[PDB]
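Here the protein sequences line up with chains V, C, L, X, F, Z, B, D, R and A, keeping their order.
Be aware that the first sequence starts at 2, since it is given in the entry's author numbering, and climbs by one per residue.
Be aware that the second sequence starts at 2, since it is given in the entry's author numbering, and climbs by one per residue.
Be aware that the third sequence starts at 2, since it is given in the entry's author numbering, and climbs by one per residue.
Be aware that the fourth sequence starts at 72, since it is given in the entry's author numbering, and climbs by one per residue.
Be aware that the fifth sequence starts at 2, since it is given in the entry's author numbering, and climbs by one per residue.
Be aware that the sixth sequence starts at 2, since it is given in the entry's author numbering, and climbs by one per residue.
Be aware that the seventh sequence starts at 2, since it is given in the entry's author numbering, and climbs by one per residue.
Be aware that the eighth sequence starts at 2, since it is given in the entry's author numbering, and climbs by one per residue.
Be aware that the ninth sequence starts at 2, since it is given in the entry's author numbering, and climbs by one per residue.
Be aware that the tenth sequence starts at 535, since it is given in the entry's author numbering, and climbs by one per residue.
Only one structure is covered here, and it is reproduced in the block below.
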Amino acid sequence: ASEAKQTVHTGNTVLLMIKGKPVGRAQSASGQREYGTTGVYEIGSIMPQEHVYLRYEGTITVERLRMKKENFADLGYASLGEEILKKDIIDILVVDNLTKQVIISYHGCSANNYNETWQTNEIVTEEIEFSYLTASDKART
Amino acid sequence: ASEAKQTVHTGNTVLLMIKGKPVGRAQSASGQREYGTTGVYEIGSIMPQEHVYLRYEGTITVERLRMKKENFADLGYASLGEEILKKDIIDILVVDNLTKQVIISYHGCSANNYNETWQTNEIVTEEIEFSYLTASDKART
Amino acid sequence: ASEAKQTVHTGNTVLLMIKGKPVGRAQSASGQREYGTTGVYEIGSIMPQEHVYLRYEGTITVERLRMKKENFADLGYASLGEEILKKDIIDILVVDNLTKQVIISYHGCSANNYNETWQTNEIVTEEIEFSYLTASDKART
Amino acid sequence: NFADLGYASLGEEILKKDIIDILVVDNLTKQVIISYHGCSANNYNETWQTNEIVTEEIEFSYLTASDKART
Amino acid sequence: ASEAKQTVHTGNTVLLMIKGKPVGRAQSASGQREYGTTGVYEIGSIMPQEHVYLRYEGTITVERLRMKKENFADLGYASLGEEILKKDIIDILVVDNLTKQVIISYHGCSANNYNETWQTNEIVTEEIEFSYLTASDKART
Amino acid sequence: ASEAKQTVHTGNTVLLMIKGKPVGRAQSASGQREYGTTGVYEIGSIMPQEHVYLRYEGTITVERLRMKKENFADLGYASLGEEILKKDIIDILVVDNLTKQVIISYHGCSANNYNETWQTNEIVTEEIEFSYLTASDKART
Amino acid sequence: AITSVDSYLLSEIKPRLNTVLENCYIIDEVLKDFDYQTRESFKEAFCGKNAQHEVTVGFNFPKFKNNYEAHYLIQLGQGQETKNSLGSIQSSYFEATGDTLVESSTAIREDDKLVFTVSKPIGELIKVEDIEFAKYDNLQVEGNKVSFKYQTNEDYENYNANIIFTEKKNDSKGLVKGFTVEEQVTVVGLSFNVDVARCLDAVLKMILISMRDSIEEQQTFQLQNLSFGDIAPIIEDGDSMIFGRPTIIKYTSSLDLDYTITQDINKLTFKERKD
Amino acid sequence: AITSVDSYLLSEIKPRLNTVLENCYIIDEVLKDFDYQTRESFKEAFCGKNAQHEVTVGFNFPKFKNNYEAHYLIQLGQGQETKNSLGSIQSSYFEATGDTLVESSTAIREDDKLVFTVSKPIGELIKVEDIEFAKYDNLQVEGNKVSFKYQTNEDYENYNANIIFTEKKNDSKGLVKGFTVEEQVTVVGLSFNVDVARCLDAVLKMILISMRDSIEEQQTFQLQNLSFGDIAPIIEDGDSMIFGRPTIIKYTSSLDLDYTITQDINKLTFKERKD
Amino acid sequence: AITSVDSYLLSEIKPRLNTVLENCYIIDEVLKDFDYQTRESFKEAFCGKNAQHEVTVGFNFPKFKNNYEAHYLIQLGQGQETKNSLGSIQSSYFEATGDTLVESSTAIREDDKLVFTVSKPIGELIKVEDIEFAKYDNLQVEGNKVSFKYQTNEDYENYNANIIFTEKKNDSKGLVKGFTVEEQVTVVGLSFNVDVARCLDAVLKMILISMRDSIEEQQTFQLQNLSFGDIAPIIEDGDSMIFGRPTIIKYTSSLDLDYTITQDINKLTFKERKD
Amino acid sequence: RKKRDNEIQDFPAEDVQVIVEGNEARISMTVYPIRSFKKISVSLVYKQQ
């Protein structure tokens with residue numbers, strides 16, 4: 002039996018896709034958003050009379066195991082030097098394994114920092130952190 | 002059977018090479034890159050209209066077990082005093098054990114700090130952190 | 002994010018030229034202007050009836066890290082002793098790095114102040130102040 | 072830019088530039104919040120730096136400031 | 002990175018000399034110049050037709066940590082009382098450490114200000130200000 | 002590192018004396034001098050032909066933590082009311098702690114400014130400014 | 002909806018296993034690593050629609066005899082509780098909803114609309130394959146059929162599609178109470194010939210992978226964790242031993258119950274204080 | 002591609018072990034630490050092409066008798082799952098690709114090009130030994146051969162080279178589904194003389210090291226972790242005991258399956274809203 | 002160079018143990034803590050060149066009888082892998098090098114030099130005792146001898162010295178492949194009298210300490226970790242029990258192999274593009 | 535490094551070729567030569583006002 006009213010997402014029901022290509026052996030991803038809320042304090046009140054949105058900052062991180070082929074450097078998505086200046090924006094999509102419907106998409110993603118670890122006793126891993134213009138959860142049912 | 006379409010790198014398929022010499026008993030290495038992305042905020046928008054690259058900073062660390070011979074001090078790659086001023090740049094290469102093809106190379110590496118630990122119950126270890134001008138992943142197939 | 006598509010001049014996109022050469026190890030540059038604006042007042046009313054322009058003042062500042070070769074003193078663009086009287090006017094251009102298109106030009110630059118500093122662990126900083134006759138932004142269209 | 076757009080001038084062309092009016096506007100409805108009439112330029116400043124964004128500054132002197140059409 | 006190959010004068014590469022001796026425990030040195038530049042204006046137009054040079058002002062500053070021996074007061078390069086009237090002009094040189102080549106020279110240096118400080122836990126700081134007749138950068142080529 | 006071998010006067014090595022007593026709880030001391038240096042200019046050339054000395058200005062500053070006994074007001078070295086007219090000149094010495102050798106002396110010190118502060122949780126700070134006739138550094142050799 | 006993992010394994014395994022053994026091409030892909038001798042002998046025995054020998058599957062402690070030539074054996078294993086929720090609440094629903102189904106249908110020509118018909122009331126729609134209905138299409142559900150408007154879609158009177166939908170039972174809104182259970186189940190292949198067992202285990206691993214795409218697995222049984230034991234003689238008191246490599250399967254699922262609410266507020270009256 | 006580690010061990014061990022025992026120089030290097038007496042007695046027995054005694058290898062629970070004078074015994078051991086991936090996805094491929102091969106070939110003189118020929122279709126090339134083909138060489142693949150242009154390479158009509166390449170099967174693009182498995186396998190040497198066992202174990206350790214350079218090991222079986230037990234009497238009910246030191250080998254590998262995609266989009270039509 | 006720890010223990014123990022028991026002064030220092038009665042009785046039995054009773058040492062499961070009055074018993078124990086390296090690489094060498102040796106020699110008078118002669122080719126020198134050869138000495142090696150110039154060293158024609166050097170075999174440069182192994186080995190003393198066992202164990206602890214200064218231990222077998230069990234009756238089926246306190250010794254060592262390189266580049270030719 | 539020192543203006547990165555054969559290696563590469571400024575042609579037009 003399978004009652005959809007209580008289902009949740011997991012690692013086996015999600016795909017990470019770039020330019021249609023599913024990135025392989027991807028391990029984890031985290032998303033952050035900051036609206037920069039600030040309160041307004043009058044003289045005759047310790048309490049904040051109201052809150053206001055001021056600034057939108059958002060970053061997304063991706064952890065991956067470096068495949069011998071189609072690594073982020075080979076794919077051209079990342080960069081290692083002045084080649085970065087010629088790299089255009091990208092959109093990173095999280096799409097449902099079952100229906101292939103979209104769960105959340107990040108628009109105008111741009112790379113922030115690049116990390117790779119070479120270790121003796123463990124598989125090679127690399128991490129990338131992007132900064133995006135806007136997020137979207139459209140194209141739903 | 003061995004399908005190359007899914008293979009990944011590990012500690013047993015990588016070599017760390019300097020000036021052609023394979024450094025011995027090397028344990029780990031980490032690489033960092035920072036493009037210094039910053040957003041542009043207009044008056045009439047909380048959202049960042051666009052991101053721009055500003056500054057390239059990159060460092061690589063190496064962990065090693067101090068062999069009685071050919072340690073980083075004996076090799077002349079590191080330095081312990083004013084001898085550093087006469088040390089020229091170097092290139093640190095990560096090369097594939099199988100094919101001897103290159104995976105990533107760091108150009109114009111320069112030393113940043115030097116750490117060595119003498120301990121009673123464990124093998125001696127030393128750590129070096131370099132700052133490099135540019136990275137490259139050329140010379141591929 | 003990309004080189005061409007960024008609507009804003011980052012420091013990277015800009016190049017500074019003097020007399021058919023680039024200026025190496027440039028760090029900063031500022032240009033200030035005053036049209037000598039004044040208000041007209043009369044007995045009839047306090048409010049200023051009109052505004053007019055009186056005198057044109059134009060100055061540009063430059064900072065540089067003293068190279069072991071090709072400094073302003075070495076290159077003759079600046080002088081220390083009485084040789085200044087033998088130095089003619091200079092024209093400066095600020096240039097788009099991509100296409101060597103001109104962004105703004107300073108005509109008739111002559112020197113006002115020249116400053117130099119030395120310090121234990123800092124990089125040698127060379128600064129110079131230029132006063133010019135006119136500033137023009139043409140040949141863009 | 073102001074130099075490209077002609078709202079500001081560098082050389083003697085300033086004498087050929089007339090007055091300018093500036094408005095500060097409510098984004099939601101394009102209603103006016105405050106207006107500056109007869110703006111004319113006083114100072115124009117520009118900076119370039121290694122890793123910063125190019126900053127353009129300008130100073131305007133005006134004849135009057137009015138806050139009307141709100142009601 | 003290397004001593005010879007670095008195109009920029011770091012503080013380390015520079016050496017400061019007075020009267021055939023090095024200055025020990027030097028910390029800072031600054032040189033400022035003003036050519037007394039002025040603009041020519043006439044009735045015909047607001048724009049300055051020409052620029053001319055009027056007066057030459059040249060000053061150099063030095064800071065030093067008061068050694069228990071060989072200070073300026075001890076060495077006679079500076080004076081406290083009426084003995085100053087018995088002190089002649091001094092010439093200062095700023096030198097390349099590698100080869101003892103000259104980088105810039107100050108001729109006819111005479112003292113303007115002399116400052117001294119003592120504090121509980123800081124190092125004693127000695128400062129002095131010199132005004133000179135001319136500054137020349139020759140013998141380099 | 003050692004007491005005798007350090008070539009530099011740390012704050013610890015120095016001792017400050019007035020009228021055959023040490024000054025307890027001293028915190029800072031500064032001495033500034035101006036020889037009234039000026040440049041000679043003539044019609045023939047812009048460059049200054051010579052430099053001369055006009056007027057001698059000498060001031061010394063001292064700060065101290067107000068002890069419950071032996072303050073300047075208590076000790077008579079400084080005065081508040083009209084009693085100042087009954088106070089003669091004072092001579093200050095700055096001394097090497099090891100051997101009580103003299104480092105520098107101020108002759109004819111007379112008071113200019115006297116400042117005092119009190120605060121909730123800080124230590125009471127007493128400051129005083131002295132103008133002197135001459136400063137001499139003799140008896141060292 | 003208490004989940005009987007053991008029943009789910011049997012329901013999935015029995016059809017899928019028969020299909021895999023039916024064809025030879027898939028088996029070759031599965032047994033690509035094994036040597037030629039073992040690979041073909043297994044194929045000669047069980048593979049193909051014309052296979053005289055056949056595999057069987059059943060639960061432990063049966064009173065009859067199983068085909069010890071080749072057999073899958075299952076036993077329930079341990080269970081544990083891992084994560085809770087505030088008030089033990091999982092979800093809230095406005096409609097009594099059953100299982101989630103996938104059905105295939107062809108568009109039908111109505112006057113104003115094109116409609117698909119499904120075997121049961123639609124309840125909640127989830128997706129129609131590769132259609133992003135715009136607002137002007139005015140997608141809506143009615144009973145056991147889903148409808149979208151006809152205009153500027155006229156080429157699709159014969160559209161053939163798959164539909165994902167839920168079984169609706171009642172309009173009685175209610176809450177869900179339950180928690181998550183971490184359960185382990187054991188599976189083992191049996192034979193009197195070790196080579197058959199190794200081939201049998203490898204076949205199992207593949208269908209476990211394929212089950213990761215199943216509707217029930219994606220929605221109800223998540224977070225596989227597989228663990229394999231060492232090949233051991235299951236039996237020694239006989240003419241020959243029985244050899245089998247046990248495997249352990251772990252699952253995460255919810256033990257849920259439906260609580261119905263009758264306190265539906267419809268009226269709302271405001272009366273001021275008499276004072 | 003389910004990986005049978007046990008089969009891989011046997012495939013690698015049997016040829017390599019025979020080669021090592023064939024020559025004496027390598028054995029001396031291996032047994033450098035051991036004393037003279039044990040070293041030469043082992044060499045007198047098994048070493049050399051003219052050795053009357055021989056070593057054997059086989060799996061556990063065989064119905065026949067093994068050469069208990071000296072024998073390698075293997076048993077499958079435990080297995081565990083360690084790391085997953087999102088959607089269980091590992092990789093995406095545009096071509097159905099099999100094993101990765103190394104082949105040797107000699108250049109052939111064509112008119113515009115020099116070409117190497119290989120036993121099977123090339124599919125994906127990985128490397129030709131110590132050649133960095135420039136763009137002007139215009140390196141390209143065709144069927145079972147790889148070609149590069151002739152000009153300014155004319156000295157190499159007889160070039161003798163090794164080639165690393167992949168087996169191509171189909172143009173059917175598909176995805177990979179699977180996960181990583183941490184598996185342990187046991188190996189033990191057997192003898193009725195303890196000295197032989199110690200020499201036998203040491204020989205094993207060397208070929209395990211050599212296997213670290215193998216193509217299969219580098220690509221498929223990674224992250225060795227070796228563990229040795231204590232020397233024990235395996236048997237006591239006989240005229241003399243059997244002594245053997247068990248060893249445990251650990252591996253990391255992927256249990257992968259191929260999922261084929263047929264939804265290839267080729268056409269793309271834009272139509273504006275009627276309004 | 003696979004390391005047989007068990008053989009190393011026997012090689013070190015047998016000579017050193019005999020030397021320790023040979024003299025009485027060292028034994029008194031070792032047994033300083035023990036009471037007078039036990040100390041002298043042990044000394045009366047085994048200590049001294051004129052001792053009628055003697056200690057023995059051997060490995061486990063021998064087919065003969067051991068001197069159960071006093072005996073050292075060794076058994077191999079467990080082994081484990083602890084630390085790896087990238088590509089399993091340990092070191093690179095330009096010369097095929099064997100063991101590291103210490104030899105004593107006397108200077109010989111040549112014309113321009115004073116030279117020491119050694120039993121084998123020098124290969125890599127490490128140290129000559131308490132000599133810091135300056136550049137003007139022009140220290141150099143030749144075959145099996147090391148030479149330094151004569152002038153301003155003329156008092157040393159008869160210099161008597163110790164030399165530390167390595168065994169050279171070939172000029173064939175090669176790499177090292179291997180890893181580190183954490184190994185445990187068991188040692189136990191046996192007797193039918195508990196007092197003897199305690200004295201025997203204490204003697205063992207001392208020679209383990211002395212082994213910390215040995216060349217092999219310093220270079221190959223590092224990071225001692227000792228662990229002692231409780232005194233137990235090893236045997237009970239006899240006229241009297243056997244008592245022994247087991248000890249466990251741990252070591253860290255490398256399992257290394259030599260890989261030889263033949264791709265020596267000597268020529269280097271530059272050719273410009275025809276365009 | 536040469537480009538960073540302004541010694542060379544531009545070059546193709548992908549044009550390099552390397553071949554190894556026993557004890558010998560062949561290296562082939564291309565670099566664009568610098569171009570200097572040679573010709574300028576000017577014309578003037580006089581006009582009233």
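Here a beta-carbon is modelled for each residue, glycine too, at the ideal position from N, C-alpha and C.
Quick check on the DSSP output: the beta strand (DSSP E) that includes D:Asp100 runs from which residue to which?
Working through the eighth sequence from its first residue, we reach residue 100 of chain D at position 99. Start and end: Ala97 to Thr107.
In whole angstroms, give me the CA-to-CA distance for R:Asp265 and D:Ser105.
Start at 1 with the first residue of the ninth sequence, and residue 265 of chain R comes out as number 264. Start at 1 with the first residue of the eighth sequence, and residue 105 of chain D comes out as number 104. Their Cα atoms are separated by approximately 21 angstroms.
Going by alpha carbons, who is nearest to B:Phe166 out of B:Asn159, B:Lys50, B:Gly144 and B:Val182?
Locating residue 166 of chain B in the seventh sequence gives position 165, where the first residue counts as 1. In terms of CA proximity to B:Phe166, B:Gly144 leads the group B:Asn159, B:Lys50, B:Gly144 and B:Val182.
Count the other CB atoms within 10 Å of the CB of L:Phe131; is the residue buried (16 or more) or exposed (fewer)?
As a position in the third sequence, residue 131 of chain L is number 130, starting the count at 1. The residue in question, L:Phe131, is buried, as its Cβ has 16 or more Cβ neighbours within 10 Å.
Would you kindly report the start and end of the unbroken alpha helix (DSSP H) that includes B:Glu218?
Locating residue 218 of chain B in the seventh sequence gives position 217, where the first residue counts as 1. Element bounds for B:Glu218: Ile216 to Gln220.
Output yes if chain A places a C-beta closer than 8 angstroms to the C-beta of R:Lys174; else output no.
Position 173 of the ninth sequence, counted from the start, is the residue given in the question as residue 174 of chain R. Interface annotation, R:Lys174: not in contact with chain A, CB-CB separation never under 8 angstroms.
Which complete beta strand (DSSP E) runs does the region 156-227 of chain D hold, if anything under 3 residues is left out?
Within the region 156-227 of chain D, the complete beta strand (DSSP E) segments at least 3 residues long are 161-171 and 175-191, listed from N- to C-terminus.
Between which two residues does the alpha helix (DSSP H) containing R:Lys44 stretch?
Taking the ninth sequence and counting its residues from 1, the one referred to as residue 44 of chain R is at position 43. Per DSSP, R:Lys44 belongs to the alpha helix (DSSP H) from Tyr37 to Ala46.
Please state the DSSP three-state secondary structure of L:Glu43.
Here residue 43 of chain L is taken as the residue at index 42 of the third sequence, counted from 1. Looking at L:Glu43 - three-state DSSP - the assignment turns out to be coil, as it is neither helix nor strand.
Whose Cβ in chain R lies nearer than 7 angstroms to the Cβ of V:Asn13?
Looking up residue 13 of chain V in the first sequence gives position 12. Chain R residues near V:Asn13: none, gap ~32 angstroms exceeds 7 angstroms.
Taking DSSP as the reference, what is the three-state secondary structure of F:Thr11?
Within the fifth sequence, the letter at position 10 stands for residue 11 of chain F. In the three-state reduction of the DSSP assignment, F:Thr11 falls in the strand class, which pools E and B.
Tell whether a beta-carbon distance below 8 angstroms holds between V:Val125 and C:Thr100.
On the first sequence, residue 125 of chain V is found 124 positions in, with the first residue counted as 1. On the second sequence, residue 100 of chain C is found 99 positions in, with the first residue counted as 1. Contact: no.
For F:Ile105 versus F:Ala74, is the C-beta spacing smaller than 8 angstroms?
Numbered from its first residue, the fifth sequence carries residue 105 of chain F at position 104. Numbered from its first residue, the fifth sequence carries residue 74 of chain F at position 73. Cβ atoms of F:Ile105 and F:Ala74: not closer than 8 angstroms.
Measure the CB-CB distance between F:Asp97 and F:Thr14 and report whether it falls below 8 angstroms.
Locating residue 97 of chain F in the fifth sequence gives position 96, counting from the first residue. Locating residue 14 of chain F in the fifth sequence gives position 13, counting from the first residue. Yes, the pair counts as a contact, with Cβ atoms nearer than the cut-off.
Quick one: any contact between the region 39-47 of chain V and the region 62-71 of chain V, if contact means 3 or more CB pairs under 8 angstroms?
No, the region 39-47 of chain V is not in contact with the region 62-71 of chain V.
Partner residues on chain H for C:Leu16, Cβ-Cβ distance less than 8 angstroms:
Absent from the structure is chain H; the protein chains it does hold are V, C, L, X, F, Z, B, D, R and A.
Relative to the C-alpha of R:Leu227, which candidate in C:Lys87, C:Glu128 and C:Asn122 has its C-alpha closest?
The sequence position of residue 227 of chain R within the ninth sequence is 226, counting from 1. Nearest C-alpha to R:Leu227: C:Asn122.
Given Z:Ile19, which residues of its chain have a CB within under 7 angstroms of its CB, disregarding the five upstream and five downstream residues?
Counting from one through the sixth sequence, the residue named residue 19 of chain Z turns up at place 18. If we look at Z:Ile19 and ignore the five residues flanking it on each side, its Cβ neighbours are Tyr78, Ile91 and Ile93.
Which runs of the beta strand (DSSP E) spanning at least 3 residues fall entirely within the region 126-159 of chain D, listed in chain order?
Whole beta strand (DSSP E) segments, 3+ residues: 126-129, 141-143 and 146-150.
Looking at the C-beta of V:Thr100, does it have a partner C-beta in chain B at a distance below 8 angstroms?
Along the first sequence, read from residue 1 onward, the residue named residue 100 of chain V stands at position 99. At least one chain B Cβ lies under 8 angstroms of V:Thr100.
Quick one, are the C-beta atoms of C:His52 and V:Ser111 less than 8 angstroms apart?
Here residue 52 of chain C refers to the residue found at position 51 of the second sequence. Here residue 111 of chain V refers to the residue found at position 110 of the first sequence. Going by C-beta atoms, C:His52 is nearer than 8 angstroms to V:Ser111.
Partners in chain C for L:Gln7, counting only beta-carbon separations shorter than 7 angstroms:
Numbered from its first residue, the third sequence carries residue 7 of chain L at position 6. At a beta-carbon threshold of 7 angstroms, the residues of chain C lying near L:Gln7 are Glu51 and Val53, ordered along the chain.
State the Cα-Cα distance for the pair X:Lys139 and B:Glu111, rounded to the nearest angstrom.
Residue numbering aside, residue 139 of chain X sits at position 68 when the fourth sequence is read from its first letter. Residue numbering aside, residue 111 of chain B sits at position 110 when the seventh sequence is read from its first letter. Straight-line spacing of the CA atoms in X:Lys139 and B:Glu111 works out to 60 angstroms.
Boundaries (first-last residue) of the alpha helix (DSSP H) holding R:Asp113
Residue numbering aside, residue 113 of chain R sits at position 112 when the ninth sequence is read from its first letter. Careful: R:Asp113 lies outside any alpha helix (DSSP H) and carries neither H nor E.
L:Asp92: CB within 7 angstroms of a non-hydrogen atom of the ligand ATP:
Among the components of this structure there are no ligands whatsoever, and the ligand ATP is therefore not found.
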